[PDB]
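Values quoted throughout were computed directly from the atomic coordinates according to the rules given, and no laboratory measurement underlies them. Positions of Cβ are backbone-derived with ideal geometry, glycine not excepted, and every protein chain shown enters the neighbour counts.
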Amino acid sequence: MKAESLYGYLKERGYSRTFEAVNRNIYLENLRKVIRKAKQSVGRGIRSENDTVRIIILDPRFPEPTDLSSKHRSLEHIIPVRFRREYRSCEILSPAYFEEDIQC
Amino acid sequence: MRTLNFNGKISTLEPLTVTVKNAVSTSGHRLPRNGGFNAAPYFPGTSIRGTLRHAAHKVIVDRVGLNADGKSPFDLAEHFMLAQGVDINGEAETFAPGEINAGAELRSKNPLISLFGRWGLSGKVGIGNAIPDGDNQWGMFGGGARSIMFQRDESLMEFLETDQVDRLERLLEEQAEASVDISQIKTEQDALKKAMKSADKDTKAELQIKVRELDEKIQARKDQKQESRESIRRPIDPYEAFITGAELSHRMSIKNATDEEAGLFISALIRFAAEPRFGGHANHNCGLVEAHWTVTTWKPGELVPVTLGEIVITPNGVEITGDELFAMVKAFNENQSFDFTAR
Amino acid sequence: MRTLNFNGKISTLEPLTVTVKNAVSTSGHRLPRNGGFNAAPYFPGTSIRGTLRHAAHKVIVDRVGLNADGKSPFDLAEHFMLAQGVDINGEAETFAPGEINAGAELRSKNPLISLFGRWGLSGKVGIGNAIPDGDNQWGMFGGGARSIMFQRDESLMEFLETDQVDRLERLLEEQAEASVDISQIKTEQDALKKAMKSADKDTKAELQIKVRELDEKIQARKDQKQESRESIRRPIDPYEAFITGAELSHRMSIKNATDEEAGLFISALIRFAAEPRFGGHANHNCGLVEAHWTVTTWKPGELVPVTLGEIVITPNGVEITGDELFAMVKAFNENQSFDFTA
Amino acid sequence: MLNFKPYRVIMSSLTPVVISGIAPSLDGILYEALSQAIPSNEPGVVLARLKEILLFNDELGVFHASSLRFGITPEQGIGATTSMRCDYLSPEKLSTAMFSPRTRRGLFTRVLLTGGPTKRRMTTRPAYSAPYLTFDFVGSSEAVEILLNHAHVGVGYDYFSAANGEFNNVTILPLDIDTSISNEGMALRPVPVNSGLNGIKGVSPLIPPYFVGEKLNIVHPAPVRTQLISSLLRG
DNA sequence: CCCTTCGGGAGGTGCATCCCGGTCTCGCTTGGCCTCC
DNA sequence: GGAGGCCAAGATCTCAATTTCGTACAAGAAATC
């Protein structure tokens, strides 16, 4: 209904964007709210310079380091820039089969 | 020579439906979708454009006048040229690419072809898709089931002679036996349709040919029914349609519209308002729509467009506001220099 | 001299489609995809660049106006120089190859040839592609069927005179029988394409020419139709477009920019907003777009973007924002020393 | 002059990449980006300012900016696509409102689009459509990231005109070993012949822009190089 | 101030269509021929 | 009589077919207009 009612807003204010467009805009806004909230969650981890936190993200949808085209790639921004190297080198609980594909 | 943008809404009076071969599949009848299975269905701009093109063709036929019996001077080739842009004679003047002012003479003397174009001639009129407003607003209408008339009311059975009553008996027994056999064959076919998913391309091939010959077996079983080829009693598959009262945002453009061509377009909208039917399933009165368009022109080089007027089509009439639209309609109506006849 | 990056979104008002030979195949009309069918389509930057070059050419034509005789001052040579940068009469300044910043005189006198280059003079406008933001923002739009008008509306038969009603009957007969004949020939053709897969190369020297002679027989049969060369009851193939209300990320840039060139570009955008159409299938109103471009520039020396304004093209109007963009437009409107001829 | 780190930049290729014989070097992309960022086309000053964001090998005369190497994922691979630039002489282009055609008896001489200097040029170029484009370079991540994200630069041929090889989602990951110039003696970018690095012989300037300056003999990598994206993100 | 009731029995079958009809092009030069300067 | 323009002719050929689906919550403070 936020998408529908916002579409009503844009329709009556004269802006021409279809309802699915407003759905997409609302989805992106919510996903950015999710990114901010998860950034807050990870910020709970480290508060003092001596803090050591083992963050376990058990969601399957958190983008893998190798999956740069993953749908929720923006969630990779949750990890602070400084700790992105350990994000790249991170232990995967349930990874997805890779191979040695000769066409490398 | 103005670029008229008709921006407006098509409210739906009776369900709006269309069967487009691409969208519909064996899963059922589905409306043309806005890019994906889980997408908002849209009424094709193709159907609206064709309906408006036939409305404009009828406008031109009535304007050119009807002879004593009622026949238009246009031949069949001209009617096809005007309504579908197809030249059956092949005499239609193909405009070799690079020809300056390609069809400017034809556009001047044929407003309808100028609007709706031809092969090798750009149609000034662009009729966009009608996208819905708000979630939902589409549903599976139609549906139901054809029913044996005599098994619903016995009073229609007093009108049949004994031989016809036994004919109905034979028809029903044949339908029952054919249904049982075809249902067994379709259960085997459905086992194959499950077996598809192990689609080793060779086994996919052989399985598909097996489904093909099962289909031929079904057709042969139905061909050996003396009385009725088709099962009389059968559920009607529902068709997806935009609900009654659905608001569908619609945008149309006439690029470089002369007053004559835009007058013809507005007259086509006026005549379409008499039978404002879009799409199919017209047996269920599907397609009736009331649509209101705001006509805005945009002088190139100016930051804002100016609203010439408004066209509202409702069951109570066609309301045209703005003197500009009236002047355009009158300019189209008062020009005698349209040789709609093929050269 | 400022590099103006127009970073912005194109919201699609009616489906946005483009026909590219490589993308389109026999399997159907598909958008350029940069990979397999599962890849993400993009609207070419070439189509947008050509459309905006056409818009700029029209702006130049209007600003120049018409002669006393009511004819554009541009001849075919000048028209093709401004429109597609091809020198037809071989009369153009063949700038030496190794000076990058060559043609400053032509760039000053001709801002259209400056923004969009000619052959041998690098253009200043790099118009990038409209990349979709989402995953399901394309679809097989169009599609339908060219229905025989008289088999849909019976009332249209009351207009046909009998000497044309029998002509219609003959046309339908010929269409039907020619179409079952073409169907049989196509069935032989696809059976032969199945047989190609068991190729031993003894038959293949014959099979492809056999296929070609079957296509020739198809063309002969189509020619045999006396009353209509092409079947009218055609199922129209769908074309792949970007969905209505598709948010496509668009990056456009002007390189180092005299106020006049940037003003010409902004005027071209203002004239394109009159008919904001990208791509073809204009019969279905395809291409109608509204786009908000944030005009950023680079700080002198520093590597940081400063936002100079916004170009919001919408059906309701063009909202040029930022005093500097207005200054560029005014500079282009003034400085009437431009000599677009040659 | 600033502290420079080995970085590997991986970006999503959005349009097919057209390679001008020699693989596009990241130093050329950065030179174009700087030419846009400092509004001046002089090679000397742009080069002088490129050294401040890229390491420059003085004894070798090349920038520490590896050539293009396509990152191919198990789902999408290096593909052969054609970058097609085609003249569209529309009816509106072919109209008296924009130009005065030469007239003969009031008929306008149609433009001969079939052939001749006024033809519909259908220029087809080979392009490579890989899911990812990768470069390696020894430089400041901040400046190169800003340039690649906001400067109007793509990978390949004439990104301004044809819009070839546009990219987004530029990701920079620091490397452990400098893999910009050399890797097990295999040259990863245009390097002079005398450097002792092996590869493919060619003629091109060592420093950008690669279309001005004497074309001296160089050894350059295979124009189309492919690596698994997993192997590239391993570091 | 009392005190809010247990239960009982939840379908049987039909029938799921037939059919169309899937385009032109064009990316080049060249001279032969046909009209104009 | 020379100079533009329209139109027909010229050798065979090179190649590959996806099969739809997002996202599923909590509470910070309060003289609110």
Okay, helix-only estimate at 222 nm for chain D: each DSSP H run of n ≥ 4 adds -39500 (n - 2.57), divide by all residues, round to 500 deg cm²/dmol; what do you get?
-> -4500 deg cm²/dmol
Would you give the gap between the C-alpha center of the stretch B:136-214 and the C-alpha center of the stretch A:33-104, rounded to a whole Å?
-> 55 Å
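Given a Förster distance of 45 angstrom, what is the FRET efficiency for C:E216 paired with A:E4, based on the Cβ-Cβ distance and rounded to 0.05?
The computed FRET efficiency comes out at 0.20.
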In what sequence do D:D176, C:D87, C:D133 fall when counting other Cβ within 10 Å, fewest first?
-> D:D176, C:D133, C:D87
Average silhouette area of the stretch C:150-194, convex hull of alpha-carbon atoms, in square nanometres = 3.8 nm²
Given GluC sites (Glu not before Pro), DSSP loops and at most 12 other Cβ atoms within 10 Å, the longest exposed-site-free stretch of chain B is B:231-333
Counting DSSP beta bridges with both ends in the protein assembly as shown, the antiparallel % (nearest 5) | 95 percent
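Counting other Cβ atoms within 10 Å, which trypsin sites (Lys or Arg not before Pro) in the stretch C:14-70 have at most 15 and lie in a DSSP loop?
For trypsin sites (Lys or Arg not before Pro) across the stretch C:14-70 that sit outside H, G, I, E and B with at most 15 neighbouring Cβ atoms in 10 Å, the list reads C:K21.
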Top of C:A145, C:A191, C:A274 by mean-square fluctuation, Gaussian network on chain C, Cα under 10 Å = C:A191
Using a Förster distance of 30 Å, how high is the FRET efficiency between B:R146 and B:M196, based on the Cβ-Cβ distance and rounded to 0.05?
-> 0.45
Return the average number of partner chain Cβ atoms within 10 angstrom of each residue Cβ along peptide B:73-86.
-> 5
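Under Stokes-Einstein, with the Kirkwood radius over Cα pairs standing in for Rh, what whole-number D in µm²/s applies to the stretch C:107-251 at 20 °C and 1.002 mPa s?
Working: Rh = 21.2 Å.
Result for D is 101 µm²/s.
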Alpha-carbon centroids, the stretch C:231-270 and the stretch C:67-124: separation in whole Å = 23 Å
Calculate, in nm to one decimal, what D:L60 and D:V45 gain on full extension: separation in residues at 0.36 nm each, minus their alpha carbon distance.
-> 3.4 nm
Out of the stretch D:167-235, which chymotrypsin sites (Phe, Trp or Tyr not before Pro) are coil in DSSP terms and have no more than 15 other C-beta atoms within 10 Å?
-> D:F211
Across the alpha-carbon set of the stretch B:10-105, Rg over Rh with Rh taken as the Kirkwood radius works out to 1.10
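Using every Cα-Cα pair within the stretch B:119-169, state what percent have a distance larger than 11 Å.
When all Cα pairs of the stretch B:119-169 are counted, 82 percent exceed 11 Å.
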Spatial extent of the stretch B:58-167: Rg and Dmax, with the Cα atoms as the point set, Å | 25.8, 77
In peptide C:130-143, how many Cβ atoms from other protein chains are near each Cβ within 10 Å, on average?
-> 6
Taking every residue of C:54-61, the Cβ atoms of other protein chains inside 10 Å of its Cβ average out to 3
For chain D, treating each Cα as an identical point scatterer without solvent, what Debye log10 I(q)/I(0) comes out at q = 0.15 1/Å?
-> -0.97
In whole Å, what are the Cα extents of the stretch B:184-294 along the three principal axes, biggest one first?
-> 62, 41, 27
For the stretch D:25-83, run through the GluC sites (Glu not before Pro) and keep only the ones in DSSP coil with at most 16 other Cβ atoms within 10 Å of their Cβ.
-> D:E52, D:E59, D:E75
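Quote the FRET efficiency, to the nearest 0.05, computed for D:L2 versus A:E12 with a Förster distance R0 of 60 Å and r equal to the Cβ-Cβ distance.
Taking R0 as 60 Å, the efficiency between D:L2 and A:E12 is 0.65.
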Proxy reagent accessibility, fewest Cβ within 10 Å first, across D:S140, A:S89 = A:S89, D:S140
Karplus couplings for the stretch B:29-43 from phi (6.51 cos²θ - 1.76 cosθ + 1.60, θ = phi - 60°), rounded to Hz, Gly and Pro as x?
-> 9, 10, 5, x, 9, 6, x, x, 4, 9, 10, 5, x, 10, 6
Pop out the ³J(HN,Hα) list for the stretch C:240-247 in order, Karplus 6.51 cos²θ - 1.76 cosθ + 1.60 with θ = phi - 60°, rounded to Hz; leave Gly and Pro as x.
-> 8, 10, 8, 4, 4, x, 8, 8
Which percent of Cα pairs goes in each bin when the distances of the stretch C:150-235 are cut into 10 angstrom slices starting at zero?
-> 15, 35, 24, 15, 8, 3, 0
Show the residues, 5+ positions off or on another chain, whose built amide H is closer than 5 Å to the amide H of B:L4.
-> B:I254, B:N256, B:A257
With Cα springs under 10 Å, the Gaussian network model of chain D assigns the largest mean-square fluctuation among D:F56, D:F160, D:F137 to D:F160
Please give the per residue volume of the convex hull enclosing the alpha carbon atoms of the stretch A:1-72, rounded to a whole number of Å³.
-> 143 Å³
Any idea what the relative contact order of the stretch D:67-223 is, in percent, if you count C-alpha pairs under 8 Å spaced at least 6 apart?
-> 20 percent
Phi angles of the stretch D:40-55, converted by Karplus (6.51 cos²θ - 1.76 cosθ + 1.60, θ = phi - 60°) into ³J(HN,Hα) in whole Hz with x for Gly and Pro, give 8, 9, 4, x, x, 6, 4, 4, 4, 8, 6, 4, 6, 10, 10, 6
Per-residue ellipticity at 222 nm for chain A, helices alone: DSSP H runs ≥ 4 residues times -39500 (n - 2.57), over residue total, nearest 500 deg cm²/dmol?
-> -13500 deg cm²/dmol
What is the mean projected area of the alpha carbon convex hull for the stretch D:49-133, to one decimal in square nanometres?
-> 11.9 nm²
Quick one: which residues, 5+ away or cross-chain, put their amide H under 5 Å from the amide H of B:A130? H built at 1.01 Å from N.
-> B:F43, B:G45
What per residue convex hull volume, in Å³, comes out for the stretch D:133-229 when only alpha-carbon positions are used?
-> 129 Å³
Once the Cα atoms of the protein assembly as shown are picked out, what are the Rg and Dmax in Å?
-> 32.2, 111
Just grab the label-to-label distance for C:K21 and B:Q224, each label 7 Å out from Cα along the Cβ direction, in nm (one decimal).
-> 5.6 nm
B:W138, B:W119, C:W138 arranged by Cβ crowding within 10 Å, fewest neighbours leading | B:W119, B:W138, C:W138
Using the alpha carbon gyration tensor of chain C, what are the three equivalent-ellipsoid semi-axes (square root of 5 times each eigenvalue), largest first, in whole Å?
-> 48, 25, 23
From the Cα centre of the stretch B:291-324 to that of the stretch D:89-167, the distance in Å is 38 Å
